[PDB]
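For reference, the chain that follows is the form deposited in one PDB entry, supplied as structure tokens.
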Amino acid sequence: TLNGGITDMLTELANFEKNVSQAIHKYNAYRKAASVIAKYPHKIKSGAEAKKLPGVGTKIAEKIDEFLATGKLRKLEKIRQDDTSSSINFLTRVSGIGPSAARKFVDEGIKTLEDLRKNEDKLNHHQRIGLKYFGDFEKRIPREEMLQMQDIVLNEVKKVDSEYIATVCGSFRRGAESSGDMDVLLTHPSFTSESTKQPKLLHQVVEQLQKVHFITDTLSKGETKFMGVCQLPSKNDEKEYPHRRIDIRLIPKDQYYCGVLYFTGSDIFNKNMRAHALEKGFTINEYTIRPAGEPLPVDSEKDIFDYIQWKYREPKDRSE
């Protein structure tokens, strides 16, 4: 329930705009409309009712109308049956395959995972890993496994250097009972926004997590951001846990609070807070907040919320 038909249609339309039309602002417009419609405490019986809502215009009104009177949207019906368009859309579910790679693959007749499999030579490293773990990466992670994951990360990080500080953020820090991946924020006293008194600070941590076979694969790795794969250890004759996505971001120790707000999310929440900062006359990123002027000061997450006239919403409530 919950304007579910309209919200589902709009998200499907959003996905088509992103993956097939390569029209990112349309995708976002559909997502915004869907999220405002999902917040509406009433059942929409007309396109104009919907139109009174912020982010809903004439075209979405037109769609709600057809959908209400027919239970269907001809455009989506046609799109769903379209071999080329459905395949391009499907292939973007592989991590590392975006709209462009998906269209190039479908162009050459590569439309399915099996096509991908027998065409390894045509995949970059990221894409080969997205394909190897396609099922796993769409699996959800129970909070119980999350905590076993946090134990390992925190254990191994302090084993490299007791001065490190690791914080699991993302849906985890927001109390989610399941997560899509693990987001880890890392700080060390050597790395500060003013000087980098030690090198390899992120590398040593990844290496350690690799040595104890927690991290199994690398999708991207630079001085400040790791994107990869990890896996909880198993017991004797026990079904192996799924492989899971893990991201690690090394933030300067003096911008930890901007980091936590950033990596805690959500993504729709973030761009709803970022889109609010600009109208209060502020800029928000994972490092600072600025009027852009010098770095406005911070030592708490509520400090950011007051700046833009926002009442503190707890991590659990940032699930927008």
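From 1 onward, residues are counted along the sequence shown.
Compared against other deposited entries of this protein, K197 counts as often unmodelled, lacking coordinates in at least a third of those that resolve the residues around it. According to the entry, the stretch of the deposited sequence that connects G57 to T58 contains no residue lacking coordinates, so the chain runs unbroken between them. For the segment pair 308 to 316 and 13 to 21, the entry gives 308 to 316 the higher mean B-factor, averaged over Cα atoms. Averaged over CA atoms, B-factors in the entry run higher in 194 to 202 than in the other of 194 to 202 and 108 to 116. Ranking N28, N272, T70, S35 by the C-alpha B-factor listed in the PDB entry places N272 at the top. Per the PDB record, residue ranking by Cα B-factor puts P189 in the highest third of the chain. Looking at the C-alpha B-factors along this chain, the one for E138 belongs to the lowest third. In this PDB entry, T224 carries a Cα temperature factor that places it within the middle third of its chain's modelled residues. Looking at the C-alpha B-factors along this chain, the one for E238 belongs to the highest third.
Among all modelled residues in this chain, the alpha-carbon of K75 has a temperature factor (C-alpha) in the middle third.
Here the subject shifts to the form deposited in another entry, a form of this protein not shown in this document.
Seen as two rigid parts moving between this form and the one not shown, the chain keeps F137 and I251 on one side of the split.
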